[PDB]
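Data block below; observations after.
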Amino acid sequence: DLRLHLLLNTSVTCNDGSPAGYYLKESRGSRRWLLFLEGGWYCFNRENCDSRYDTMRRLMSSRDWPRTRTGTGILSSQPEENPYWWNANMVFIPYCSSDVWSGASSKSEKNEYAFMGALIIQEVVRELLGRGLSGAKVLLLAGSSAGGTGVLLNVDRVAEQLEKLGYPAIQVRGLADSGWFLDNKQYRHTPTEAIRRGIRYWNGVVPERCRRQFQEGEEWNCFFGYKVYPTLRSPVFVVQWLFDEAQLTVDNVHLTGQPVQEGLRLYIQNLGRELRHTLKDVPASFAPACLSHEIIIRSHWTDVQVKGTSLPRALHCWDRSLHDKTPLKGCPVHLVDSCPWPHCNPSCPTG
Ligand SMILES: Cc1cc(C(=O)O)c(C)n1-c1cccc(Cl)c1
Ligand SMILES: *[C@@H]1O[C@H](CO)[C@@H](O)[C@H](O)[C@H]1NC(C)=O
């Protein structure tokens, strides 16, 4: 139900130089716009990107993209599947830059690949302004996994872009799903170095205030939610499993079958405690104590609850809290599990 539009500025490209693009379903009776950033890891050097080009080419090229995609979860237009924003204008931005949405580098005689994630977002926004975004009241920049980190890296730049273009009435907000990572110690050794190298390979850019804090050579710090979030001006709602599977993968943890012994038990409990600590001062957040790779464009995203409140409800409460900072009776926005082990929340996805 979302239709593909390749960017009219064909100099804003996927990794292989094919045009980037977006899928759009308009809702003419709505001034809400949801722009969703797809995830899918990243690649950080020629050989690693060449491998990704062989077997994950849709994440590097638009050449094989389908003409349409079905909106699911928060991108669904059915109220039963999407109690939160079913009537919004829906935009799905495919991830084809492999740069955690940070890149600003074109293909050239010096560069086999283009890493243009940050420019893709800017160009999608600019082209949508002529398709009705100019009349928006709220632009929610959402994303999952690498797209969630992409929200943190780009939401304030979208806000600044709209201000400079002359649209100060559009309220830009962020929804970062599964992109809030910890630069922690691995459970067993042999990841943040890949981000350091990636930023150089991609000509990656980070938000200005965060860049000014960490300074030259240390921009990798701004890929970590707990470091970049306090520098952001736009309202950002953070969704994060306490035991995210991608976090565990980079930590070299593989929970498969046999009894967990003391060292790994302590490691996992400490990970959840650390994650919960980083969210203590994040007033809009939803952080269930689950081991999951599941994301908010999944059809059953309504099922999980923290303290009896679902994510669509929490997001609705967030909308109410941003009406023109007293908390709302029965409508919470800060929902972080306190129980210390995966699936101690009974509503965790079963897989
Ligand atoms: C930046 C990023 C994106 C993704 C992803 O799963 O999409 C991951 C695991 N990271 C990450 C990269 C290095 C270290 C850490 Cl903790 C996290
Ligand atoms: C196309 O995008 C590039 C990179 O963002 C920009 O430099 C250029 O001005 C754009 N061209 C047009 C015609 O807008």
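By order in the structure tokens, chains are A, B, ...; within a chain, residues start at 1; ligands start at 1, following the order shown.
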Which residues of chain A come within 8 Å of ligand 2, and for each one, what is the closest pair of atoms and their distance in Å to one decimal, counting only C-alpha atoms and all ligand atoms, sorted by chain and residue number, as a tab-separated table?
residue	atom	partner	partner_atom_place_in_ligand_line	distance
A:9	CA	ligand 2	1 (C)	4.9
A:10	CA	ligand 2	1 (C)	7.0
A:11	CA	ligand 2	1 (C)	5.3
A:12	CA	ligand 2	2 (O)	5.3
A:119	CA	ligand 2	5 (O)	5.3
A:120	CA	ligand 2	5 (O)	7.5
A:122	CA	ligand 2	5 (O)	7.5
A:123	CA	ligand 2	5 (O)	6.6
Convert the current residue selection to file output with C-alpha atoms, as a CSV table (one decimal), in the first residue's frame.
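Printed below is again38.csv as written:
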chain,number,residue,atom,x,y,z
A,9,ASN,CA,17.8,14.1,-7.5
A,10,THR,CA,19.6,11.0,-8.8
A,11,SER,CA,22.9,12.2,-7.3
A,12,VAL,CA,21.6,11.0,-3.9
A,119,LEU,CA,21.8,13.1,2.6
A,120,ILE,CA,19.1,10.5,1.6
A,122,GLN,CA,17.5,15.2,3.8
A,123,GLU,CA,16.5,14.7,0.1
At most 10 Å from ligand 1 (only C-alpha atoms and all ligand atoms): residue list as a PyMOL selection string: chain A and resi 38-42+98-101+144-150+178-186+191-196+198+220+222-225+244-251+293
Using only C-alpha atoms: which of A:205, A:295, A:199, A:74 has the shortest distance to residue 316 (chain A): A:74
7 Å contact set for residue 87 (chain A), only C-alpha atoms, chain neighbours under 3 positions out, as a list in words: residues 27, 30 and 77 of chain A
Would you save the residues of that selection, restricted to N, CA, C and O atoms, as a tab-separated table (two decimals), in the first residue's frame?
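That gives us again-v3.tsv:
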chain	number	residue	atom	x	y	z
A	27	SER	N	-2.21	10.22	3.29
A	27	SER	CA	-3.49	10.25	3.98
A	27	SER	C	-3.92	11.72	4.00
A	27	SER	O	-3.51	12.48	4.88
A	30	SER	N	-4.87	14.01	7.03
A	30	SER	CA	-3.99	14.01	8.20
A	30	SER	C	-2.81	14.95	8.00
A	30	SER	O	-2.23	15.01	6.91
A	77	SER	N	-2.02	1.13	8.15
A	77	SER	CA	-3.13	2.07	8.11
A	77	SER	C	-4.40	1.51	8.72
A	77	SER	O	-5.45	2.17	8.65
Residues near residue 7 (chain A), cut-off 9 Å, only C-alpha atoms, skip fewer than 6 positions along chain, as a PyMOL selection string: chain A and resi 13+19-22+120+123-124+127
Contact residues around region 267-283 of chain A with only C-alpha atoms at 6 Å, ignoring same-chain residues under 3 positions, as a list in words: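 Here the qualifying residues turn out to be residues 226, 242, 264, 334 and 340 of chain A.
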Dump of N, CA and C atoms for the selected residues, as a compact mmCIF listing (two decimals), in the first residue's frame:
# COMPACT_ATOMS: atom_id res chain seq x y z
N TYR A 226 23.11 6.75 24.81
CA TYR A 226 23.23 7.41 26.11
C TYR A 226 24.17 8.61 26.07
N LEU A 242 15.71 -4.65 26.86
CA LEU A 242 16.85 -4.62 27.76
C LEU A 242 17.93 -5.61 27.33
N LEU A 264 28.03 -15.97 32.99
CA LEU A 264 27.11 -15.45 31.99
C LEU A 264 25.85 -14.89 32.63
N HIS A 334 7.05 6.92 30.52
CA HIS A 334 8.34 6.34 30.91
C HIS A 334 8.08 4.93 31.44
N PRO A 340 14.99 -8.53 36.23
CA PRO A 340 16.40 -8.57 35.81
C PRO A 340 16.79 -9.65 34.81
Distance in Å - CA of residue 297 (chain A) versus CA of residue 129 (chain A):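 CA of residue 129 (chain A) lies 24.1 Å from CA of residue 297 (chain A).
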Against region 166-173 of chain A, which residues of region 108-134 of chain A fall within 12 Å? For each one I want the closest pair of atoms and the distance in Å (one decimal), counting only C-alpha atoms, rows by chain and increasing residue number, as a Markdown table.
| residue | atom | partner | partner_atom | distance |
| --- | --- | --- | --- | --- |
| A:125 | CA | A:172 | CA | 11.4 |
| A:126 | CA | A:167 | CA | 11.2 |
| A:129 | CA | A:167 | CA | 9.5 |
| A:132 | CA | A:170 | CA | 11.9 |
| A:133 | CA | A:170 | CA | 8.8 |
| A:134 | CA | A:167 | CA | 7.1 |
Distance in Å - CA of residue 232 (chain A) versus CA of residue 136 (chain A): 21.5 Å
Within 8 Å of residue 140 (chain A) using only C-alpha atoms, minus same-chain residues under 3 positions, as a PyMOL selection string: chain A and resi 32-35+172-175
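Distance-wise, CA of residue 252 (chain A) and CA of residue 47 (chain A) end up 22.3 Å apart.
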Which of region 250-343 of chain A counts as strand (DSSP E or B) under DSSP, as a tab-separated table (two decimals) with N, CA, C and O atoms, in the first residue's frame please?
chain	number	residue	atom	x	y	z
A	285	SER	N	10.15	6.57	27.07
A	285	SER	CA	10.89	5.35	26.76
A	285	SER	C	10.03	4.13	27.07
A	285	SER	O	9.13	4.17	27.92
A	286	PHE	N	10.34	3.04	26.37
A	286	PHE	CA	9.62	1.78	26.49
A	286	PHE	C	10.69	0.70	26.38
A	286	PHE	O	11.25	0.49	25.30
A	287	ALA	N	11.00	0.06	27.50
A	287	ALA	CA	12.16	-0.83	27.57
A	287	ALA	C	11.81	-2.13	28.29
A	287	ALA	O	12.00	-2.26	29.51
A	291	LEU	N	14.55	-10.73	25.59
A	291	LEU	CA	15.57	-11.05	24.61
A	291	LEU	C	14.87	-11.09	23.26
A	291	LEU	O	14.10	-12.01	22.98
A	292	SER	N	15.16	-10.12	22.41
A	292	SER	CA	14.41	-10.05	21.17
A	292	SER	C	15.21	-9.30	20.12
A	292	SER	O	16.05	-8.46	20.45
A	305	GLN	N	3.66	-5.32	26.72
A	305	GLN	CA	3.30	-4.29	27.68
A	305	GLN	C	4.37	-4.19	28.76
A	305	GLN	O	4.98	-5.19	29.12
A	306	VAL	N	4.58	-2.98	29.26
A	306	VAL	CA	5.40	-2.72	30.43
A	306	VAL	C	4.50	-2.07	31.47
A	306	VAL	O	3.83	-1.07	31.18
A	309	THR	N	1.03	-1.31	30.20
A	309	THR	CA	0.82	-0.33	29.14
A	309	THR	C	1.54	-0.79	27.87
A	309	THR	O	2.73	-1.11	27.92
A	310	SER	N	0.82	-0.80	26.75
A	310	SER	CA	1.41	-1.20	25.48
A	310	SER	C	2.21	-0.04	24.88
A	310	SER	O	2.08	1.12	25.30
A	334	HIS	N	7.05	6.92	30.52
A	334	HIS	CA	8.34	6.34	30.91
A	334	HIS	C	8.08	4.93	31.44
A	334	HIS	O	7.61	4.76	32.57
A	335	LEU	N	8.40	3.92	30.62
A	335	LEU	CA	8.03	2.53	30.89
A	335	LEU	C	9.26	1.64	30.74
A	335	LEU	O	9.55	1.16	29.64
A	336	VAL	N	9.97	1.40	31.84
A	336	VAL	CA	11.21	0.63	31.82
A	336	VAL	C	11.05	-0.52	32.80
A	336	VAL	O	10.77	-0.29	33.98
Could you pull out the residues in region 153-332 of chain A that DSSP calls helix (DSSP H, G or I) from the backbone, as a short mmCIF file (atom, residue, chain, number, x, y, z; two decimals) with C-alpha atoms, in the first residue's frame?
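What landed in states_11.cif:
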data_model
loop_
_atom_site.label_atom_id
_atom_site.label_comp_id
_atom_site.auth_asym_id
_atom_site.auth_seq_id
_atom_site.Cartn_x
_atom_site.Cartn_y
_atom_site.Cartn_z
CA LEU A 153 21.94 10.83 14.41
CA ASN A 154 19.51 12.70 12.11
CA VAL A 155 16.40 13.98 13.95
CA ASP A 156 17.93 17.35 14.87
CA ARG A 157 19.28 17.79 11.35
CA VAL A 158 15.77 17.27 9.93
CA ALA A 159 14.50 19.89 12.39
CA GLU A 160 17.22 22.34 11.34
CA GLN A 161 16.59 21.63 7.64
CA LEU A 162 12.88 22.42 7.96
CA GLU A 163 13.65 25.59 9.94
CA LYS A 164 16.12 26.82 7.32
CA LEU A 165 13.71 25.95 4.49
CA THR A 192 33.22 -0.11 18.19
CA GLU A 193 36.40 -0.06 16.11
CA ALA A 194 34.19 -0.86 13.09
CA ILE A 195 32.19 2.32 13.78
CA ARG A 196 35.42 4.31 14.09
CA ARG A 197 36.67 2.93 10.78
CA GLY A 198 33.19 3.18 9.25
CA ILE A 199 32.90 6.90 9.98
CA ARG A 200 36.14 7.54 8.09
CA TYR A 201 35.13 5.23 5.21
CA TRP A 202 31.64 6.78 4.97
CA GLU A 208 26.62 19.10 15.93
CA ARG A 209 26.39 19.48 19.71
CA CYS A 210 27.55 15.90 20.24
CA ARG A 211 30.39 16.42 17.75
CA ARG A 212 31.48 19.54 19.65
CA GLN A 213 31.60 17.64 22.95
CA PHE A 214 33.65 14.69 21.75
CA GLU A 219 32.68 11.20 16.74
CA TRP A 220 32.06 7.45 17.14
CA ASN A 221 30.82 8.27 20.66
CA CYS A 222 27.76 9.93 19.11
CA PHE A 223 26.53 6.58 17.74
CA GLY A 225 22.31 6.61 22.52
CA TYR A 226 23.23 7.41 26.11
CA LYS A 227 25.93 9.84 24.88
CA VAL A 228 24.12 11.47 21.95
CA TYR A 229 20.59 11.68 23.43
CA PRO A 230 21.34 14.36 26.09
CA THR A 231 22.65 16.63 23.30
CA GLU A 245 19.83 -9.61 20.32
CA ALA A 246 22.11 -7.35 18.28
CA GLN A 247 23.72 -6.03 21.49
CA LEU A 248 24.25 -9.62 22.61
CA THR A 249 25.72 -10.53 19.21
CA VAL A 250 28.35 -7.80 19.41
CA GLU A 262 27.27 -17.89 36.99
CA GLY A 263 29.60 -15.78 34.84
CA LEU A 264 27.11 -15.45 31.99
CA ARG A 265 24.20 -14.97 34.40
CA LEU A 266 26.02 -12.06 36.04
CA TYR A 267 26.98 -10.69 32.61
CA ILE A 268 23.37 -10.70 31.38
CA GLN A 269 21.98 -9.24 34.61
CA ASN A 270 24.61 -6.48 34.55
CA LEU A 271 23.75 -5.70 30.91
CA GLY A 272 20.07 -5.21 31.76
CA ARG A 273 20.96 -3.10 34.79
CA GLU A 274 23.27 -0.90 32.70
CA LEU A 275 20.65 -0.46 29.97
CA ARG A 276 18.00 0.42 32.56
CA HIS A 277 20.42 2.92 34.15
CA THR A 278 21.02 4.71 30.82
CA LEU A 311 3.78 0.71 23.20
CA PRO A 312 0.95 2.18 21.04
CA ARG A 313 -0.60 3.48 24.25
CA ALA A 314 2.70 4.92 25.50
CA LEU A 315 3.23 6.66 22.15
CA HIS A 316 -0.29 8.12 22.34
CA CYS A 317 0.49 9.34 25.87
CA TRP A 318 3.67 10.90 24.49
CA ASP A 319 1.60 12.75 21.87
CA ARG A 320 -0.65 14.09 24.65
CA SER A 321 2.37 15.17 26.72
#
Nearby residues (only C-alpha atoms) at most 12 Å from residue 301 (chain A), same-chain spacing under 2 positions excluded, as a list in words: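 The residues satisfying every condition are residues 72, 73, 74, 75, 76, 80, 81, 82, 83, 84, 177, 239, 294, 295, 296, 297, 298, 299, 303, 304, 305, 310, 311, 312, 313, 347, 348 and 349 of chain A.
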